[PDB]
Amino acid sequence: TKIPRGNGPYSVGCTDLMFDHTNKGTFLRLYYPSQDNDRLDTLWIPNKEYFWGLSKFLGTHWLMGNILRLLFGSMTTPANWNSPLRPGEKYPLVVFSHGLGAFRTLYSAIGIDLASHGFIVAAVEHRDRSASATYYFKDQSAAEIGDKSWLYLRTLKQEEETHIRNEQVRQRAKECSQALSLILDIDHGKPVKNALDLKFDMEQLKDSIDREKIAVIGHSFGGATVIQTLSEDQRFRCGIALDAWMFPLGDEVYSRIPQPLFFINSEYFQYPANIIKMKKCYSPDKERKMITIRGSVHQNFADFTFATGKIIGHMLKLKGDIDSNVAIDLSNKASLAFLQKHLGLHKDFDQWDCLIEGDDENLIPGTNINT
């Protein structure tokens, strides 16, 4: 309801796709240009179990899950649920990777804005136990019945963090690559039975993808995921890391990323041990850009920044000093200029090329840490 509408001229639809039905299958939320703009009715957090998972992630208990559920269980996001895909054009494609404790529906302000500018967005739900919650089906009959097996976030010990975070980032990159293969195979006529029964016929995606114009975007854990996925999969032609959390990455990735990479940071999250890993990606033979959104916190990139009032938002660290709409517009506009530049798009996003340089009252070129 306070999650902003896309600023672009396309109307936006949304659906969910799970294939195959198993814990090793792909689960994603699709944002796309819709033919028609009938009602902004997409349910933001569609199952009680995500609220239960958010509560466990936050360190609270059962009452917190029910409180979040009471507060946000009927909150919508501004996209036409299961609206037909707009025909007649091949769309560039973004694969989006969520942060630790998030899941596929929590970056709709970004997904919806990109889609309103003519992108298809596949927001993946990771099954590495980094999502607060996710689900899959133990067999085709459980899928037919809607009999969901839930998987909740894994809490780690200290001695575990180094090994398990790196295993999770590797699974995450496999899941981004698999999600892309799923969309590309559908684009080229692979018959798929969605494990979820929804009005959106996935045959509409046949011959709807501009297969040369693929990018990967992600927040926090998903920013590390951008870098791992780029190093393994040359089908992704550039990456945008939103407040990348660099800890999970092994030292081998930094030399292994030919594609252009854009770091969009919050002012109040970053720290030298994290920033120094970002600088390790820099090379004179490669395009790396970094900007910092002045007055932003980590949560400015995710949908909970639009979920509360200005005052509660500041106390819970969901909002920064900057206005949440001003911050997301800067991140989305700079993203669009970067995607036009490195995917070769024939649109007008280059009007924001200056935001890539950090040339704005609310942007810092590079970083406040050491730029």
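What we label the rigid core is the largest C-alpha set whose atoms superpose within 1.5 Å from one form to the other. Sequential numbering from 1, following the sequence displayed.
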### Message
If the other structures are each fit on the rigid core, which stretch ends up farther away in C-alpha terms in 8 other deposited structures of this protein, 39-47 or 331-339?
### Response
39-47
## Note on the structure
Quick note on 204-212 and 91-99: per-entry mean CA temperature factor is higher in 204-212
### Summary
Mean B factor on CA atoms, stretches 147-155 and 214-222, record says higher is 147-155
### Query
Whose C-alpha has the highest temperature factor in the PDB entry: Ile112, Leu71, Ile264, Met246?
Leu71
### Query
If you compare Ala337, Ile328, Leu40, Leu30, which has the highest Cα B-factor in the entry?
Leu40
### Task
Consider only the C-alpha atoms of the modelled residues in this chain, order them by B-factor as the entry records it, and name the third containing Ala302: lowest, middle or highest.
lowest
### Summary
So, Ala273's CA B-factor, relative to its chain, sits in which third? The middle
### Query
Compared with the other modelled residues in the chain, in which third is the CA B-factor of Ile356?
middle
### Message
What third of the chain does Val169 rank in for C-alpha temperature factor, lowest, middle or highest?
### Response
lowest
### Task
Ordered by C-alpha B-factor within the chain, which third holds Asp348? Give me lowest, middle or highest, please.
highest
